[PDB]
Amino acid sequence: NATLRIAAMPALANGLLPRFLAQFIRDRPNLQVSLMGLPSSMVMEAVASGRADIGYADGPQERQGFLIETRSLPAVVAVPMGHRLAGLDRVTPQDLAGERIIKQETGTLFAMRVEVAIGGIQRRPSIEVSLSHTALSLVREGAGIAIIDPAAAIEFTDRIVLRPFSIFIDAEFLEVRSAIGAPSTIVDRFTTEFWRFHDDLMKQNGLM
């Protein structure tokens, strides 16, 4: 009960999770925590094999053998400060014509659906990245714009403007636990308080 082993996709594992963990451990100085950043596929493996107590991954995943909590967050467009797209309430694919859109080969279903959504839109030669965080870094430095999940965006909210994407595309987050896992109060408390933290943070910023 003084053990908390977490496996998560690098998205949450590098943003919202360390942020919430910092608050969660204030009560518990003797708590031994492991926060491992893994691909979504290996996150499922870590939970199933018992190497991790909680798993966080990108949907979709096969549910057999797992207890799963889910969230769906609409796609948003991230633009530099003062960019003309900040003048809109809702950004369409056509509004991206002639922009330098950062392409994200992250391997998620979300990223793929996003790229086809803007498949016929004229654009300048891209910068193709492999991480959502890297894309946002380039937008912050003014190298272009990106289409993302809002959870990845929230730690860039000061130097970057967000707008809802006109195409209805949701990013699905999974909280994963083993259906035959060991009863744990600390895991119950963490998973419960994290979603509350997540939901409150997203709703406060008009992202949910």
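When you see a residue number, it is the position in the sequence shown, counting from 1.
*Asks:* Take the C-alpha B-factors listed in the entry for 69 to 77 and for 100 to 108, compute each mean, and give the stretch with the larger one.
*Replies:* Higher mean C-alpha B-factor in the PDB entry: 100 to 108.
*Asks:* Please compare 151 to 159 with 176 to 184 and name the stretch with the higher mean C-alpha B-factor in the deposited structure.
*Replies:* If you average the C-alpha B-factors of 151 to 159 and of 176 to 184, the larger mean comes out for 151 to 159.
*Asks:* Looking at the C-alpha B-factor values in the deposited entry, which of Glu141, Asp53, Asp170, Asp58 comes out highest?
*Replies:* By C-alpha B-factor in the record, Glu141 ranks first.
*Asks:* Among the choices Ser34, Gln64, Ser166, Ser40, identify the one whose CA B-factor in the record is greatest.
*Replies:* In this record, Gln64 carries the highest C-alpha B-factor of the candidates.
*Asks:* Split into thirds by Cα B-factor across the chain's modelled residues, where does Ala11 land: lowest, middle or highest?
*Replies:* Highest third of the chain for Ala11's C-alpha B-factor.
*Asks:* Please say which third, lowest, middle or highest, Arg90 falls into when its CA temperature factor is compared across its chain.
*Replies:* It belongs to the highest third of the chain when residues are ordered by C-alpha B-factor.
*Asks:* Comparing against every modelled residue in the chain, figure out the third that the C-alpha B-factor of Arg113 lands in (lowest, middle or highest).
*Replies:* For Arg113, whose C-alpha B-factor we compare with every modelled residue in the chain, the answer is the lowest third.
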